[PDB]
Amino acid sequence: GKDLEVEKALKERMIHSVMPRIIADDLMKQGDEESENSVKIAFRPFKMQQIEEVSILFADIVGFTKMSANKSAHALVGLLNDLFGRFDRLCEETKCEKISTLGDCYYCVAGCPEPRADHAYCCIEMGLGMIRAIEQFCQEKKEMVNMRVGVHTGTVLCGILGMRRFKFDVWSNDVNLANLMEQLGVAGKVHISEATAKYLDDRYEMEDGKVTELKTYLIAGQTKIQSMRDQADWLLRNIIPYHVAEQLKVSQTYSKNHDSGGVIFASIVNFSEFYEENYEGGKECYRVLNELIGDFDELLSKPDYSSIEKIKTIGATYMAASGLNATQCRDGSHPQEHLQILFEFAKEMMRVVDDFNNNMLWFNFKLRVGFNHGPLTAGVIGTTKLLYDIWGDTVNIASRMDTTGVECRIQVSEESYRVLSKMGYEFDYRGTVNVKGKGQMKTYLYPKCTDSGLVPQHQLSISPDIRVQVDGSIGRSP
Amino acid sequence: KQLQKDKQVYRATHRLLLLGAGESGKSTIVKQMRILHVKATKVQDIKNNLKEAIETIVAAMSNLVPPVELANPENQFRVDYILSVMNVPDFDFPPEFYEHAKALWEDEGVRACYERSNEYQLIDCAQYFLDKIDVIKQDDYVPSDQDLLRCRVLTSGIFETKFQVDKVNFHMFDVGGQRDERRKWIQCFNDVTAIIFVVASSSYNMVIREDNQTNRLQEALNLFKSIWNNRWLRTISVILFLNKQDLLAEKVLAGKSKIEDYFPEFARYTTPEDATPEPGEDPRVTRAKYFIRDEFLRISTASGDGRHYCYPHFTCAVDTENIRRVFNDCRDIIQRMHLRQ
Ligand SMILES: Nc1nc2c(ncn2[C@@H]2O[C@H](COP(=O)(O)OP(=O)(O)OP(O)(O)=S)[C@@H](O)[C@H]2O)c(=O)[nH]1
Ligand SMILES: [Mg+2]
């Protein structure tokens with residue numbers, strides 16, 4: 001009776017926490033019944049719209065590792081709630097839709113669902129507001145941080161891909177360019193290009209933004225209820241896991257400090273050479289990428305990958321972590337058996353991309369994954385929104401193992417080698433890779449001699465780690 | 001709301017994806033559809049086809065394993081003129097080039113090199129265009145419809161053509177079929193009505209341009225087995241055009257090339273009892289074309305579970321009347337196939 005509209009309010013709050021307001025109210029007039037039959041044969045359904053004249057901001061906290069050093073993993077999550085709540089208040093001031101928030105990186109768009117005639121102004125003024133808010137946060141909380149901002153305009157095809165942990169994102173080459181101009185930026189200034197400056201109309205303090213190492217500038221200022229209940233329960237188990245939902249049932253916020261949890265990233269390498277925008281924006285290419293992400297998500301419904309959590313997918317990357325739910329060490333279970341089953345998850349998603357390429361004719365997707373375990377930090381960011389995410393040095397080293405890997409092979413760090421080798425798996429010594437904070441680090445690869453006669457390559461000591469596409473490394477290694 | 005009308009007329013159309021290997025006749029079928037149901041760059045790339053054909057024959061003279069020599073050995077300066085212009089971006093086509101090309105094509109060692117054209121990659125409009133640019137050595141001639149059908153331009157990318165037969169909307173996807181272009185095919189697999197698969201039937205003795213070690217018709221068989229057993233096409237029927245029937249006819253009536261030397265099961269093959277041959281047709285040609293049809297129907301019969309079908313037709317893309325007949329038949333077929341949802 002009245003608990004039906006209670007469940008409808010909860011379902012409303014879980015729709016709005018993952019989708020923008022226009023698309024959420026479109027979903028709340030129950031527009032497509034086939035999507036409403038999907039919440040209940042050739043391609044899986046997906047919704048994307050190739051939208052022009054947007055403005056994409058990224059923004060990354062500079063100096064996040066030392067700022068999160070001596071924290072008790074509740075103080076960290078609390079101050080991070082404070083900073084990101086200030087950013088959300090800036091978003092709802094400046095009329096820029098935020099997209100998501102991964103790690104120490106926050107990123108927005110400027111009027112992709114609704115066309116806005118001054119989207120570039122909204123985007124760079126929101127970046128200047130971020131610089132102001134982070135210096136006020138540094139003064140108040142006494143934490144020595146600032147942030148660099150990059151803004152690019154262009155066309156963007158935006159929507160939802162995947163069906164576990166799905167979320168409204170954006171994808172284009174313009175998003176990759178906004179990412180790299182965040183990466184090429186200086187802290188404290190918003191880093192804009194010619195694509196923004198051609199209609200920025202120069203009412204700001206522009207500079208020739210030159211690199212130290214392409215018409216780029218710098219600005220510094222101036223029984224129905226059973227259906228509704230199961231539907232809202234699926235939307236809740238969508239956006240956060242179960243144990244965090246139980247701990248958040250009796251409290252106001254969530255923050256947890258795990259001492260041993262594994263984590264994989266999984267980047268599809270050659271999706272760039274499949275992408276080309278020559279047909280209708282390339283949304284058919286993202287339909288194909290949706291099919292592969294949905295196959296990975298169908299791996300999660302297996303009865304033996306119940307305790308594998310999926311954090312999110314970042315472009316073509318796929319982040320998953322384990323050992324978060326296993327609070328009780330059983331009587332007849334190995335203490336690091338979650339590492340064994342997350343490694344089996346990585347092996348089986350290798351198998352899934354092998355089975356996927358049989359239906360792909362005269363092209364092969366390849367993915368590299370990277371594996372690590374250790375202590376980490378779980379938490380929930382928003383209130384009136386929700387965002388489950390993990391942090392730690394372990395996640396940064398796993399992103400490093402993804403980025404510094406060879407394709408079609410599982411790269412495994414040294415302590416993960418030392419625990420996996422006692423469970424019978426065979427590895428071969430890849431070499432020694434520079435890891436920030438660790439220095440030169442001993443790495444390993446999983447398939448024994450899957451190349452003909454070249455297992456070792458230990459010469460890699462590259463300092464310039466600049467990624468030209470959206471990967472799992474964003475929000476990692478400030 | 002204006003999107004319900006557009007959504008329903010999008011439901012009303014027929015998406016006709018054209019697949020197949022390279023040089024099989026897809027773009028010629030698209031050109032034939034716009035002849036049936038719908039200006040100097042055509043002259044230019046017809047001249048490019050002429051130049052490409054004559055230089056390919058002239059180079060393949062020496063590049064054969066017995067080098068076929070000139071029947072008149074006095075044209076060696078003309079051979080050297082053709083080999084001199086073998087690689088140049090722009091070419092104004094002077095009348096000297098037309099005289100050298102005609103004096104090549106009158107020579108009979110040149111034609112004896114032309115007859116062994118399955119041992120090197122040569123285009124399927126040489127014999128027509130050598131005579132027809134003997135016709136248009138001058139400049140004030142507009143090409144005919146057959147001249148436009150015979151021109152070969154390599155398709156790369158997804159091309160679309162909307163035409164409307166008797167108040168029914170058609171929207172067909174011309175795609176390139178070279179091996180590096182095939183990754184672009186899956187962009188068209190969503191909500192397509194039928195697949196028109198086009199096979200160069202007469203290319204049983206030829207090899208593909210990519211590696212020069214794989215038979216063209218074996219490549220088409222492997223490609224058909226790929227797109228038939230696909231996970232996103234497993235409810236979509238495949239109309240199977242078998243193109244280039246006149247070329248298959250003249251290559252069987254020539255008697256030089258033997259299908260049993262390349263596909264060895266042809267010698268113990270008998271023509272089917274339900275064969276419907278054309279008026280006045282040599283049954284060795286009929287045995288050949290039904291052999292190729294049953295080679296593809298073996299693939300379409302071995303799996304498919306009754307979810308999707310295969311409807312083989314015999315067709316010649318440069319003949320407009322043949323395309324009118326087979327497209328009326330396919331029009332009734334895809335009317336049924338669109339009603340099948
Ligand atoms: N004699 C004859 N020639 C044909 C026939 N169909 C096509 N051709 C010739 O084959 C050549 C190539 O045909 P084309 O239509 O370009 O194949 P395609 O599929 O588009 O080639 P691609 O796009 O995969 S590279 C053209 O020169 C054309 O004249 C036919 O039915 N009979
Ligand atoms: Mg073509």
# chains A, B, ... in the order shown; residues from 1 in each chain; ligands from 1
call {"tool": "residues_around", "arguments": {"residues": "residue 179 (chain B)", "least_positions_apart": "4", "cutoff": "8 Å", "atoms": "only C-alpha atoms", "output": "MDAnalysis selection string"}}
result
(chainID A and resid 362) or (chainID B and resid 21:22 210)
call {"tool": "write_last_selection", "arguments": {"atoms": "N, CA, C and O atoms", "output": "PDB file, in the first residue's frame"}}
result
ATOM      1  N   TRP A 362      37.965 -12.136 -39.336  1.00  0.00           N
ATOM      2  CA  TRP A 362      39.192 -11.477 -39.791  1.00  0.00           C
ATOM      3  C   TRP A 362      39.566 -10.284 -38.918  1.00  0.00           C
ATOM      4  O   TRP A 362      40.039  -9.257 -39.406  1.00  0.00           O
TER       5      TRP A 362
ATOM      6  N   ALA B  21      33.202 -12.006 -50.928  1.00  0.00           N
ATOM      7  CA  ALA B  21      34.632 -11.750 -51.011  1.00  0.00           C
ATOM      8  C   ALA B  21      34.906 -10.664 -52.046  1.00  0.00           C
ATOM      9  O   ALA B  21      33.991 -10.073 -52.623  1.00  0.00           O
ATOM     10  N   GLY B  22      36.184 -10.395 -52.296  1.00  0.00           N
ATOM     11  CA  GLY B  22      36.549  -9.277 -53.144  1.00  0.00           C
ATOM     12  C   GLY B  22      36.267  -9.556 -54.609  1.00  0.00           C
ATOM     13  O   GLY B  22      36.345 -10.694 -55.073  1.00  0.00           O
ATOM     14  N   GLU B 210      45.288 -11.202 -51.750  1.00  0.00           N
ATOM     15  CA  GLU B 210      45.965 -10.976 -50.479  1.00  0.00           C
ATOM     16  C   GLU B 210      47.258 -11.776 -50.374  1.00  0.00           C
ATOM     17  O   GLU B 210      48.343 -11.202 -50.252  1.00  0.00           O
TER      18      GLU B 210
END
call {"tool": "interface_residues", "arguments": {"of": "chain B", "to": "chain A", "cutoff": "12 Å", "atoms": "only C-alpha atoms", "output": "ChimeraX atom specification"}}
result
/B:4,156-160,173,175,177-192,222-236,341
call {"tool": "residues_near_ligand", "arguments": {"ligand": "ligand 1", "cutoff": "7 Å", "atoms": "only C-alpha atoms and all ligand atoms", "output": "PyMOL selection string"}}
result
chain B and resi 20-29+123-125+149-156+175-178+243-247+315-319
call {"tool": "closest_residue", "arguments": {"among": "B:142, B:299, B:207, B:198", "to": "ligand 2", "atoms": "only C-alpha atoms and all ligand atoms"}}
result
B:198
call {"tool": "residues_around", "arguments": {"residues": "residue 320 (chain B)", "least_positions_apart": "4", "cutoff": "9 Å", "atoms": "only C-alpha atoms", "output": "list in words"}}
result
residues 32, 33, 35, 36, 316, 324 and 325 of chain B
call {"tool": "select_by_dssp", "arguments": {"residues": "region 98-248 of chain B", "states": "strand (DSSP E)", "output": "number ranges by chain"}}
result
B: 158-165, 168-175, 194-200, 238-243
call {"tool": "residues_around", "arguments": {"residues": "region 138-155 of chain A", "least_positions_apart": "3", "cutoff": "7 Å", "atoms": "only C-alpha atoms", "output": "PDB file with C-alpha atoms, in the first residue's frame"}}
result
ATOM      1  CA  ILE A  51      25.811  13.878 -29.558  1.00  0.00           C
ATOM      2  CA  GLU A  52      27.707  16.877 -30.912  1.00  0.00           C
ATOM      3  CA  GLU A  53      28.843  20.148 -29.290  1.00  0.00           C
ATOM      4  CA  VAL A  54      29.670  19.049 -25.756  1.00  0.00           C
ATOM      5  CA  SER A  55      32.602  20.027 -23.530  1.00  0.00           C
ATOM      6  CA  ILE A  56      34.505  17.384 -21.583  1.00  0.00           C
ATOM      7  CA  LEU A  57      36.395  18.112 -18.370  1.00  0.00           C
ATOM      8  CA  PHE A  58      38.724  15.847 -16.509  1.00  0.00           C
ATOM      9  CA  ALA A  59      40.349  16.807 -13.226  1.00  0.00           C
ATOM     10  CA  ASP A  60      42.840  14.929 -11.066  1.00  0.00           C
ATOM     11  CA  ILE A  61      43.997  15.533  -7.497  1.00  0.00           C
ATOM     12  CA  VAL A  62      47.730  16.220  -7.402  1.00  0.00           C
ATOM     13  CA  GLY A  63      49.458  14.651  -4.417  1.00  0.00           C
ATOM     14  CA  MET A  67      47.658  13.066   1.534  1.00  0.00           C
ATOM     15  CA  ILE A 124      35.934  25.967 -17.879  1.00  0.00           C
ATOM     16  CA  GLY A 127      37.148  24.008 -13.624  1.00  0.00           C
ATOM     17  CA  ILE A 131      40.631  25.224  -8.312  1.00  0.00           C
ATOM     18  CA  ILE A 134      40.478  22.672  -3.670  1.00  0.00           C
ATOM     19  CA  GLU A 135      42.455  25.617  -2.317  1.00  0.00           C
ATOM     20  CA  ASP A 174      37.305  13.780 -27.884  1.00  0.00           C
ATOM     21  CA  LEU A 177      41.760  14.046 -25.983  1.00  0.00           C
ATOM     22  CA  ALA A 178      40.299  15.689 -22.865  1.00  0.00           C
ATOM     23  CA  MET A 181      45.089  17.293 -21.996  1.00  0.00           C
ATOM     24  CA  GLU A 182      44.385  16.675 -18.359  1.00  0.00           C
ATOM     25  CA  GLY A 185      48.387  19.964 -17.817  1.00  0.00           C
ATOM     26  CA  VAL A 186      49.950  21.939 -15.000  1.00  0.00           C
ATOM     27  CA  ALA A 187      48.429  21.945 -11.523  1.00  0.00           C
ATOM     28  CA  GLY A 188      46.247  24.929 -10.729  1.00  0.00           C
ATOM     29  CA  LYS A 189      45.403  25.850 -14.325  1.00  0.00           C
ATOM     30  CA  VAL A 190      42.702  24.583 -16.668  1.00  0.00           C
ATOM     31  CA  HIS A 191      44.262  23.205 -19.858  1.00  0.00           C
ATOM     32  CA  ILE A 192      42.130  23.987 -22.916  1.00  0.00           C
ATOM     33  CA  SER A 193      42.633  23.499 -26.659  1.00  0.00           C
ATOM     34  CA  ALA A 195      38.537  23.241 -30.156  1.00  0.00           C
ATOM     35  CA  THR A 196      37.373  25.100 -27.050  1.00  0.00           C
TER      36      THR A 196
END
call {"tool": "residues_around", "arguments": {"residues": "residue 376 (chain A)", "least_positions_apart": "3", "cutoff": "12 Å", "atoms": "only C-alpha atoms", "output": "VMD selection string"}}
result
chain A and resid 68 71 to 73 255 to 263 321 to 324 372 to 373 379 389 to 398
call {"tool": "write_last_selection", "arguments": {"atoms": "C-alpha atoms", "output": "PDB file, in the first residue's frame"}}
result
ATOM      1  CA  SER A  68      46.214   9.587   2.151  1.00  0.00           C
ATOM      2  CA  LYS A  71      44.879   7.670   7.434  1.00  0.00           C
ATOM      3  CA  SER A  72      42.791   5.139   9.346  1.00  0.00           C
ATOM      4  CA  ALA A  73      40.627   4.510   6.222  1.00  0.00           C
ATOM      5  CA  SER A 255      34.202   2.886   5.081  1.00  0.00           C
ATOM      6  CA  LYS A 256      36.143  -0.338   5.443  1.00  0.00           C
ATOM      7  CA  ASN A 257      39.811  -1.291   5.616  1.00  0.00           C
ATOM      8  CA  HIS A 258      40.622  -4.668   4.085  1.00  0.00           C
ATOM      9  CA  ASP A 259      43.992  -6.228   4.801  1.00  0.00           C
ATOM     10  CA  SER A 260      44.190  -8.743   1.940  1.00  0.00           C
ATOM     11  CA  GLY A 261      42.233  -8.339  -1.263  1.00  0.00           C
ATOM     12  CA  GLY A 262      43.167  -9.032  -4.845  1.00  0.00           C
ATOM     13  CA  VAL A 263      42.362  -6.853  -7.826  1.00  0.00           C
ATOM     14  CA  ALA A 321      38.349  -7.105  -6.949  1.00  0.00           C
ATOM     15  CA  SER A 322      38.052 -10.055  -4.588  1.00  0.00           C
ATOM     16  CA  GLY A 323      38.192 -10.905  -0.917  1.00  0.00           C
ATOM     17  CA  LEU A 324      35.933  -8.014   0.080  1.00  0.00           C
ATOM     18  CA  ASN A 372      47.949  -7.895  -7.434  1.00  0.00           C
ATOM     19  CA  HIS A 373      46.811  -8.357  -3.849  1.00  0.00           C
ATOM     20  CA  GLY A 379      34.257   3.108   0.586  1.00  0.00           C
ATOM     21  CA  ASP A 389      34.993   2.243  -5.060  1.00  0.00           C
ATOM     22  CA  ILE A 390      38.249   0.921  -3.660  1.00  0.00           C
ATOM     23  CA  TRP A 391      41.569   2.697  -3.170  1.00  0.00           C
ATOM     24  CA  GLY A 392      45.039   1.823  -1.940  1.00  0.00           C
ATOM     25  CA  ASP A 393      48.508   1.258  -3.271  1.00  0.00           C
ATOM     26  CA  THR A 394      47.458  -2.255  -4.303  1.00  0.00           C
ATOM     27  CA  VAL A 395      45.012  -0.899  -6.868  1.00  0.00           C
ATOM     28  CA  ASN A 396      47.692   1.421  -8.274  1.00  0.00           C
ATOM     29  CA  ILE A 397      50.136  -1.455  -8.680  1.00  0.00           C
ATOM     30  CA  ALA A 398      47.426  -3.554 -10.354  1.00  0.00           C
TER      31      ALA A 398
END
call {"tool": "closest_atom_pairs", "arguments": {"of": "region 85-180 of chain B", "to": "region 12-16 of chain B", "cutoff": "8 Å", "atoms": "only C-alpha atoms", "output": "CSV"}}
result
residue,atom,partner,partner_atom,distance
B:168,CA,B:13,CA,7.2
B:169,CA,B:13,CA,4.9
B:170,CA,B:14,CA,4.9
B:171,CA,B:15,CA,5.0
B:172,CA,B:16,CA,4.3
B:173,CA,B:16,CA,6.1
call {"tool": "closest_residue", "arguments": {"among": "A:422, A:345, A:451, A:465", "to": "residue 404 (chain A)", "atoms": "only C-alpha atoms"}}
result
A:465
call {"tool": "select_by_dssp", "arguments": {"residues": "region 106-202 of chain B", "states": "helix (DSSP H, G or I)", "output": "PyMOL selection string"}}
result
chain B and resi 106+108-115+126-135+145-150+182-188
call {"tool": "closest_residue", "arguments": {"among": "B:195, B:285, B:101, B:200", "to": "residue 255 (chain B)", "atoms": "only C-alpha atoms"}}
result
B:285
call {"tool": "atom_distance", "arguments": {"atom1": "CA of residue 83 (chain B)", "atom2": "CA of residue 118 (chain B)"}}
result
21.0 Å
call {"tool": "closest_residue", "arguments": {"among": "B:135, B:174, B:148, B:215", "to": "ligand 2", "atoms": "only C-alpha atoms and all ligand atoms"}}
result
B:174
call {"tool": "residues_around", "arguments": {"residues": "region 203-212 of chain A", "least_positions_apart": "5", "cutoff": "8 Å", "atoms": "only C-alpha atoms", "output": "ChimeraX atom specification"}}
result
/A:184,191,217-222
call {"tool": "residues_around", "arguments": {"residues": "residue 100 (chain B)", "least_positions_apart": "5", "cutoff": "8 Å", "atoms": "only C-alpha atoms", "output": "PDB file with N, CA, C and O atoms, in the first residue's frame"}}
result
ATOM      1  N   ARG B  78      57.115  -0.393 -77.678  1.00  0.00           N
ATOM      2  CA  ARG B  78      55.789  -0.155 -77.126  1.00  0.00           C
ATOM      3  C   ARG B  78      55.636  -0.818 -75.763  1.00  0.00           C
ATOM      4  O   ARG B  78      55.022  -0.249 -74.852  1.00  0.00           O
ATOM      5  N   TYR B  81      57.378   1.336 -73.444  1.00  0.00           N
ATOM      6  CA  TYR B  81      56.581   2.522 -73.148  1.00  0.00           C
ATOM      7  C   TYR B  81      55.502   2.219 -72.120  1.00  0.00           C
ATOM      8  O   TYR B  81      55.213   3.053 -71.254  1.00  0.00           O
ATOM      9  N   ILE B  82      54.883   1.041 -72.213  1.00  0.00           N
ATOM     10  CA  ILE B  82      53.865   0.657 -71.239  1.00  0.00           C
ATOM     11  C   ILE B  82      54.494   0.407 -69.872  1.00  0.00           C
ATOM     12  O   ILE B  82      53.962   0.839 -68.842  1.00  0.00           O
TER      13      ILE B  82
END
call {"tool": "closest_residue", "arguments": {"among": "B:288, B:126, B:71, B:259", "to": "residue 106 (chain B)", "atoms": "only C-alpha atoms"}}
result
B:71
call {"tool": "atom_distance", "arguments": {"atom1": "CA of residue 103 (chain B)", "atom2": "CA of residue 206 (chain B)"}}
result
27.6 Å
